[PDB]
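Enquirer: Need coordinates for the below:
(chains A, B, C and D, ligands or ions: 18)
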Amino acid sequence: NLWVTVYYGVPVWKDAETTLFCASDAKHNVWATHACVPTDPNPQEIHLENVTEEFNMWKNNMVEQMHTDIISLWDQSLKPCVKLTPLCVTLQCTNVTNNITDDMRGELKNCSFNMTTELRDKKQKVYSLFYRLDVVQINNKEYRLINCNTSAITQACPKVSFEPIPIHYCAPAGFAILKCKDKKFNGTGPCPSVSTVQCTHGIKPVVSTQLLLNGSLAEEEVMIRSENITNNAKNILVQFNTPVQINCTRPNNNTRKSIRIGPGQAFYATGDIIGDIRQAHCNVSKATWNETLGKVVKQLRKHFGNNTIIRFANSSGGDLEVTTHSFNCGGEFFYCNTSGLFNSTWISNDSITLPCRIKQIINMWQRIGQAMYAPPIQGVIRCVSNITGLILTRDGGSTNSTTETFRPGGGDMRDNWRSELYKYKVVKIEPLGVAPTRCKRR
Amino acid sequence: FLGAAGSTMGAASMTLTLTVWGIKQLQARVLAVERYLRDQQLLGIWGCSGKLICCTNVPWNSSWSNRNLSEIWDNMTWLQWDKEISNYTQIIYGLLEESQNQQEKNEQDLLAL
Amino acid sequence: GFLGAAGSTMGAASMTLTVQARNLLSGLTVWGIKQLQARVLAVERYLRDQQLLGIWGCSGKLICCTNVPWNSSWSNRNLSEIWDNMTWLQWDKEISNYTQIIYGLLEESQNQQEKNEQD
Amino acid sequence: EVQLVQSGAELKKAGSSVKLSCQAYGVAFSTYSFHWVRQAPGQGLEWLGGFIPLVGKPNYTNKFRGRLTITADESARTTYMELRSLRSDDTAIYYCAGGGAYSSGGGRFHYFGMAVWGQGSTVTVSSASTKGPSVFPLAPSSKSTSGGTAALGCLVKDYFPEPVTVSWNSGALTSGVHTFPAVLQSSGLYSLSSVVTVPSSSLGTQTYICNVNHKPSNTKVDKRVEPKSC
Ligand SMILES: *[C@@H]1O[C@H](CO)[C@@H](O[C@@H]2O[C@H](CO)[C@@H](O[C@@H]3O[C@H](CO)[C@@H](O)[C@H](O[C@H]4O[C@H](CO)[C@@H](O)[C@H](O)[C@@H]4O[C@H]4O[C@H](CO)[C@@H](O)[C@H](O)[C@@H]4O)[C@@H]3O)[C@H](O)[C@H]2NC(C)=O)[C@H](O)[C@H]1NC(C)=O
Ligand SMILES: *[C@@H]1O[C@H](CO)[C@@H](O[C@@H]2O[C@H](CO)[C@@H](O[C@@H]3O[C@H](CO)[C@@H](O)[C@H](O)[C@@H]3O)[C@H](O)[C@H]2NC(C)=O)[C@H](O)[C@H]1NC(C)=O
Ligand SMILES: *[C@@H]1O[C@H](CO)[C@@H](O[C@@H]2O[C@H](CO)[C@@H](O)[C@H](O)[C@H]2NC(C)=O)[C@H](O)[C@H]1NC(C)=O
Ligand SMILES: *[C@@H]1O[C@H](CO)[C@@H](O[C@@H]2O[C@H](CO)[C@@H](O)[C@H](O)[C@H]2NC(C)=O)[C@H](O)[C@H]1NC(C)=O
Ligand SMILES: *[C@@H]1O[C@H](CO)[C@@H](O[C@@H]2O[C@H](CO)[C@@H](O)[C@H](O)[C@H]2NC(C)=O)[C@H](O)[C@H]1NC(C)=O
Ligand SMILES: *[C@@H]1O[C@H](CO)[C@@H](O[C@@H]2O[C@H](CO)[C@@H](O)[C@H](O)[C@H]2NC(C)=O)[C@H](O)[C@H]1NC(C)=O
Ligand SMILES: *[C@@H]1O[C@H](CO)[C@@H](O[C@@H]2O[C@H](CO)[C@@H](O)[C@H](O)[C@H]2NC(C)=O)[C@H](O)[C@H]1NC(C)=O
Ligand SMILES: *[C@@H]1O[C@H](CO)[C@@H](O[C@@H]2O[C@H](CO)[C@@H](O)[C@H](O)[C@H]2NC(C)=O)[C@H](O)[C@H]1NC(C)=O
Ligand SMILES: *[C@@H]1O[C@H](CO)[C@@H](O[C@@H]2O[C@H](CO)[C@@H](O)[C@H](O)[C@H]2NC(C)=O)[C@H](O)[C@H]1NC(C)=O
Ligand SMILES: *[C@@H]1O[C@H](CO)[C@@H](O)[C@H](O)[C@H]1NC(C)=O
Ligand SMILES: *[C@@H]1O[C@H](CO)[C@@H](O)[C@H](O)[C@H]1NC(C)=O
Ligand SMILES: *[C@@H]1O[C@H](CO)[C@@H](O)[C@H](O)[C@H]1NC(C)=O
Ligand SMILES: *[C@@H]1O[C@H](CO)[C@@H](O)[C@H](O)[C@H]1NC(C)=O
Ligand SMILES: *[C@@H]1O[C@H](CO)[C@@H](O)[C@H](O)[C@H]1NC(C)=O
Ligand SMILES: *[C@@H]1O[C@H](CO)[C@@H](O)[C@H](O)[C@H]1NC(C)=O
Ligand SMILES: *[C@@H]1O[C@H](CO)[C@@H](O)[C@H](O)[C@H]1NC(C)=O
Ligand SMILES: *[C@@H]1O[C@H](CO)[C@@H](O)[C@H](O)[C@H]1NC(C)=O
Ligand SMILES: *[C@@H]1O[C@H](CO)[C@@H](O)[C@H](O)[C@H]1NC(C)=O
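Expert: Residues are numbered from 1 along each chain as shown, chains lettered A, B, ... in the order given. Ligands and ions are numbered 1, 2, ... in the order given. Sure, the structure comes next:
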């Protein structure tokens, strides 16, 4: 004689997808963290004893939500800004001289053009300084902007900051976030040490290629992760154990000028650089990079054997965003040449200087049809960052190849936030169960 | 919170006690309210309101699960148990509702005389 | 199934209350905002009905007995032609006039009961 | 696997009090059920008290009411049994046992018995003092050889109280080992013999050592047994 008994509050859960909201630590920023819920000072974490869960780093639904949120915020911040439609004219350009160095020959151009006035009856003649990567010669010389055959440019609002602010992703009531506490977790499979939370840790949306910056570090060893390690069409994600400092600088003292292109509409052009004109660059430490590469090679050999020769060579082919380390340092966008970082072969005090170029017309998120103009920043620019990972690719060396070649990669921003959301999953709580007992309702 | 997920069923039975961000917040609030109300209504229609362990009047059919009480409350977890009787949940849920309606009618009949 | 006893007598349809009870809570673009206000409206209607039941002393019940005597001015039919020769849809059309009087009577009676019980 | 570890032996006088501890490994301590069961020499099992740490209200038999207390330290994952006003009949081996339970709601708890047992603690109530044992070699000889098999052993004499543990070759030699039950001599001290039968050809090549341990007197003696020199 058994009867059904109802238990409310049993520990059962299932895999789910839901909308996560934002919490941030308590004004003009691209990602509006001022609209986010305040963060609890001491969040609660519950260790789940004798529980084994299954995680998959490469099929997480939080990554797609983060991608969509970042792109939506980027688009939302660009609506009130000034359209630069009358700037697609024929420029008359000459080379900039007067205290340039031998490395800066032909990188800046002095371009004059006719601009619309606030009166729709007469024109003005103005000039500005443009980088060589923003103009295309058409047949002094006649130039046009890079984008005036594929998209329209919108000038970024100068009061808006691009600085990343940490964001916590939170689940609604009736949902929980499982977290993997294993220190040797490779992103896919069973994780025998599980905890539960309501929010993820602070995650900064840092946009970069070939190098992960300002992120999180591994706790025991350098970690190598891939969806299918024998398929060379898959990117390899490398998580460092200790960070590598990088110092990036633009040493020119820039000047900004304002040109009125219509009633209530201003365009911020570059004036004249005071002082000499020098090249922008980043510095990394040689010994620290050597140590990090040795550790990466040691951990990579566990997938390819004791006696394989492992060599690093620079990138090969693609657009400038993919073939260079591209990032954003205080408003300005840098594209640096990393051919000295990846040049070596491994057989079983000084600095490395990477020269960088600057581009002012930006195409983000691998899209076509929406370009953005970044107004100039005044004065010298300097920033310091930590390299905490890598994105690599492997060449398809067939015919009894005893050596493997790894090249820097990137370009898709989902791999950037897959390196932060790799230990988290979202589950749905189902606290209602029925079981047989020997007791009956009175 | 979910601290007895790895314990036996019996051990766990003792411890049952606009903008981009602004649009996302409202949906979460609505979802939470919906889930709370749905669970409360489901408990209520069975006569189990206000309780965490509620005794019912529906006998256990051996075709749902034929194990003894020793290998259920001392050898399984609620996650393991949920995998076994997942196909029969709606049948039991309907049976509970019919049983409670019969109880309501019987109470009315008792008060009638 | 749902509303299946709509043509059945008032006595035969009193044993299917749970069928209609559960189908009342869950049973940016053009289509985007047409779905959220629906959910909010359903929640508010359900809460209003639940509060109305609760303030009569009938909270969490399907059939609830009250202390209000049946005023014969509302209807004079005997019980043999109400629970066996009528339907809820046919019964509502007759007593639709006197609903609010009964609601006020129930509210005052329950409040009086609580007041004198707590004393 | 669930494991229960108990304390060591105890000697007490009449009218004193004794406290035993039992530590649990491998389970959530608060929701498990712990019980105490004593066994007198040559008698059956007796249930003393049972207790669930979460509920916190121990249940006792009526014979030990007022003299028995059962407590729990959750941080140490231990349960303590305290017995007062000891008598001569309280000398016994005390076991700590454990078992699971479940609840059907409304103060109702259903059990399954004691599935995990401890090793037991010997409590002896006597006015005699603790004395270390004397170990002597029962050497093999021509009078202890039969058909190629020779018997050799160790005599453990004049110790108090029980028990003493005797092993051979640090537990390596177990086959043919007979450890006889202790006998109470007229002097009030216990005596026993632990012997082993081995091939006679191994006497000159294999070293035999008996390891005796009397925890109450903190005595540990490793005695080598050799054929008597002639
Ligand atoms: C990884 O993390 C590190 C450390 O967190 C990051 O390095 C920091 O980078 C920021 C941004 O470049 C930098 O902060 C700037 O430093 C200067 C001194 O404070 C200022 O140039 C600047 O303030 C101006 O800009 C802000 C942005 O709008 C304004 O809010 C502020 O009012 C200032 O603007 C005034 O001044 C400027 C020029 O003077 C003028 O044009 C304006 O009109 C206005 O008058 C920032 O505070 C930090 O100093 C860096 N920290 C370190 C330790 O180096 C690094 O960028 C991260 N890496 C990546 C890749 O994201
Ligand atoms: C659930 O997880 C817990 C915690 O990891 C496990 O408890 C552990 O169980 C092992 C035995 O399986 C215990 O090892 C034993 O402990 C003592 C001291 O070492 C001793 O008796 C033995 O020598 C042995 O090592 C271990 O101590 C214990 N850990 C804790 C913190 O209690 C438990 O086994 C898991 N449950 C299942 C069903 O696997
Ligand atoms: C860019 O060219 C402009 C002219 O097109 C230069 O500005 C002129 O410089 C001359 C020489 O010093 C002055 O006499 C004029 O008054 C300046 N203004 C104009 C409107 O002609 C400017 O110096 C050039 N800039 C650089 C960086 O080479
Ligand atoms: C990972 O990718 C490799 C290919 O790089 C897959 O191995 C191939 O499997 C196919 C059949 O599916 C065989 O025909 C090929 O010969 C295999 N290639 C090699 C180089 O061995 C492998 O199966 C993939 N792994 C998973 C888990 O899907
Ligand atoms: C990166 O290192 C270079 C080289 O040390 C620094 O650039 C200058 O280098 C010259 C010699 O080539 C030195 O005499 C100067 O002292 C260096 N500059 C300064 C300001 O000290 C460069 O400064 C370093 N980069 C950063 C961002 O500090
Ligand atoms: C990057 O720049 C930092 C400063 O922003 C450098 O750190 C300084 O290094 C000098 C030279 O050894 C020390 O005297 C200072 O005390 C350091 N300052 C701090 C705040 O630590 C760092 O060396 C640079 N790194 C590289 C690779 O060029
Ligand atoms: C990778 O490195 C190679 C070799 O250093 C680069 O190839 C050089 O390209 C320049 C023009 O940019 C030529 O003048 C050199 O002759 C080339 N060298 C050789 C050995 O062919 C290549 O550009 C680099 N790829 C990048 C940076 O994407
Ligand atoms: C990145 O750096 C490498 C190494 O400095 C560049 O390769 C050099 O290219 C120049 C012409 O730009 C040649 O004169 C050198 O001989 C090349 N060096 C070597 C060692 O081959 C490479 O071009 C750079 N990548 C760019 C500019 O995209
Ligand atoms: C970059 O790496 C540096 C060096 O490890 C980090 O600086 C550490 O910061 C922590 C937390 O504030 C301090 O406890 C350590 O003492 C710092 N280390 C040193 C050597 O000074 C820094 O936090 C990292 N992150 C960023 C964004 O710069
Ligand atoms: C601007 O207009 C003038 C006269 O209207 C013309 O001569 C000149 O070529 C135009 N373009 C320039 C200055 O780039
Ligand atoms: C736009 O112009 C660039 C530079 O000449 C050229 O490479 C590109 O193909 C053009 N795009 C289209 C869509 O015609
Ligand atoms: C990750 O670890 C699992 C075992 O947990 C293994 O099957 C899988 O191949 C590993 N993946 C990589 C890329 O090493
Ligand atoms: C940049 O130029 C401005 C204006 O001449 C000057 O005040 C400032 O000191 C300069 N900054 C330097 C040289 O670092
Ligand atoms: C990096 O290590 C390799 C391998 O030992 C060595 O050949 C090379 O010289 C090192 N580079 C340094 C110390 O700058
Ligand atoms: C590769 O060499 C390392 C050196 O430490 C060794 O530990 C490892 O076992 C080797 N891998 C093999 C033999 O597969
Ligand atoms: C790559 O390394 C080789 C060997 O030291 C060197 O000759 C060459 O210039 C390097 N290439 C770079 C730094 O681009
Ligand atoms: C539950 O139903 C599914 C779907 O038909 C079936 O695959 C599974 O075997 C069933 N389980 C049991 C225990 O009947
Ligand atoms: C419909 O009416 C007929 C005749 O009175 C009755 O037998 C039948 O049960 C009714 N059906 C329903 C579904 O109420």
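Enquirer: Check which helices and strands the longest helix seen in chain B sits against.
Expert: Counting by DSSP state H, the longest helix found in chain B is helix B:20-45. Applying 3 or more Cβ pairs under 8 Å, 6 or more residues apart in numbering or on different chains; DSSP states H and E, one finds that helix B:20-45 contacts strand A:3-8, strand A:21-24, helix A:61-76, strand A:432-437, helix B:89-112, helix C:17-22, helix C:36-54. To be clear about C-beta, it is placed using only N, CA and C from the backbone, and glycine gets the same treatment.
Enquirer: With distance to residue D:52 added, can I get the ones you listed in CSV?
Expert: Shown next, in CSV, are the helices and strands packed on helix B:20-45 (distance: least, Cβ to Cβ, whole Å):
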stretch, distance to residue D:52
strand A:3-8, 19
strand A:21-24, 40
helix A:61-76, 41
strand A:432-437, 18
helix B:89-112, 30
helix C:17-22, 38
helix C:36-54, 38
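Enquirer: which one of the ones you listed lies closest to residue D:68?
Expert: Closest approach to residue D:68 among these (Cβ to Cβ): strand A:432-437, 32.2 Å.
Enquirer: Tell me if that closest one is near chain C.
Expert: No: figure legend: strand A:432-437 not in contact with chain C (Cβ under 8 Å from any Cβ of the partner chain); closest approach 14.4 Å.
Enquirer: quick one: that strand to strand B:53-59, angle?
Expert: Using axes from the mean of the first three to the mean of the last three Cα atoms, to 10 degrees, the inter-axis angle of strand A:432-437 relative to strand B:53-59 is 60 degrees.
Enquirer: Pairing partners for strand A:432-437, with directions?
Expert: Strand A:432-437 pairs in its sheet with strand A:3-8 (antiparallel), by DSSP bridges.
Enquirer: Describe which strands the very next helix or strand once past the partner strand pairs with in its sheet and in which direction.
Expert: Sequence order places strand A:13-15 as the next helix or strand after strand A:3-8, per DSSP states H and E. Sheet pairing of strand A:13-15 (DSSP bridges) gives strand A:424-429 (antiparallel).
Enquirer: May I have the partner strand as PDB, with CA atoms only?
Expert: Listed next in PDB are the C-alpha coordinates belonging to strand A:424-429 (Å, rounded to 0.1, in the frame of the first residue of the first chain):
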ATOM      1  CA  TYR A 424      29.600  28.700 -17.000                       C
ATOM      2  CA  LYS A 425      26.300  27.200 -18.000                       C
ATOM      3  CA  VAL A 426      22.600  28.200 -17.400                       C
ATOM      4  CA  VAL A 427      20.200  25.700 -15.900                       C
ATOM      5  CA  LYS A 428      16.500  25.800 -15.100                       C
ATOM      6  CA  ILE A 429      15.300  24.700 -11.600                       C
END
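Enquirer: quick one: the residue of chain B found nearest ligand 4 and residue D:181, what's the gap?
Expert: Residue of chain B nearest ligand 4, by Cβ to the nearest ligand atom: residue B:83 (26.4 Å). The spacing between residue B:83 and residue D:181, counted by Cβ to Cβ, to the nearest Å, is 53 Å.
Enquirer: do residue A:132 as well
Expert: 101 Å.
Enquirer: now do residue A:163
Expert: To residue D:181, residue A:163 is 83 Å away according to Cβ to Cβ.
Enquirer: same check, this time on residue A:198
Expert: In terms of Cβ to Cβ, residue A:198 sits 63 Å off from residue D:181.
Enquirer: Wait, residue A:419 touches residue A:237, no?
Expert: Yes: Residue A:419 lies in contact with residue A:237 (Cβ atoms under 8 Å); the separation is 5.7 Å.
Enquirer: Given the host helix or strand of residue A:154, what are its sheet partners and their directions?
Expert: Residue A:154 is part of strand A:152-155, with elements assigned from DSSP H and E. Sheet pairing of strand A:152-155 (DSSP bridges) gives strand A:82-83 (antiparallel), strand A:370-373 (parallel).
Enquirer: Of all the ones you listed, which one is nearest residue A:92?
Expert: Nearest to residue A:92 among these is strand A:370-373; the distance by Cβ to Cβ comes to 20.1 Å.
Enquirer: okay, now residue A:46: neighbour count?
Expert: For residue A:46, the neighbour count with other Cβ atoms under 10 Å in any protein chain shown is 16.
Enquirer: Check residue D:174 too.
Expert: Residue D:174 has 10 neighbours, counted by other Cβ under 10 Å.
Enquirer: And for residue D:26?
Expert: Residues near residue D:26, counting by other Cβ under 10 Å: 13.
Enquirer: list the contacts for the closest residue to it other than its chain neighbours?
Expert: Residue nearest to residue D:26 in three dimensions, not counting chain neighbours: residue D:2, with 4.3 Å by Cβ to Cβ, 6 or more residues apart in numbering or on different chains. The neighbours of residue D:2, taking Cβ atoms under 8 Å, 6 or more residues apart in numbering or on different chains as the test, are D:24-27, D:98, D:115-116.
Enquirer: Got a ChimeraX select line for the buried ones in those?
Expert: Applying 16 or more other Cβ atoms under 10 Å in any protein chain shown to these, the buried members can be selected in ChimeraX as follows:
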select /D:24,27,98,116
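Enquirer: ok, and which of the contacts of residue D:2 reach ligand 9?
Expert: Among the contacts of residue D:2, proximity to ligand 9 is found for none (Cβ under 6 Å from any ligand atom).
Enquirer: Filter the contacts of residue D:2 down to just the ones in strands.
Expert: Counted as lying in strands by DSSP state E, out of those, are D:24-25, D:98, D:116.
Enquirer: So for ligand 16, which of the helices and strands packed on helix B:20-45 sits nearest?
Expert: Proximity to ligand 16 (Cβ to the nearest ligand atom) singles out helix A:61-76 among those, at 33.9 Å.
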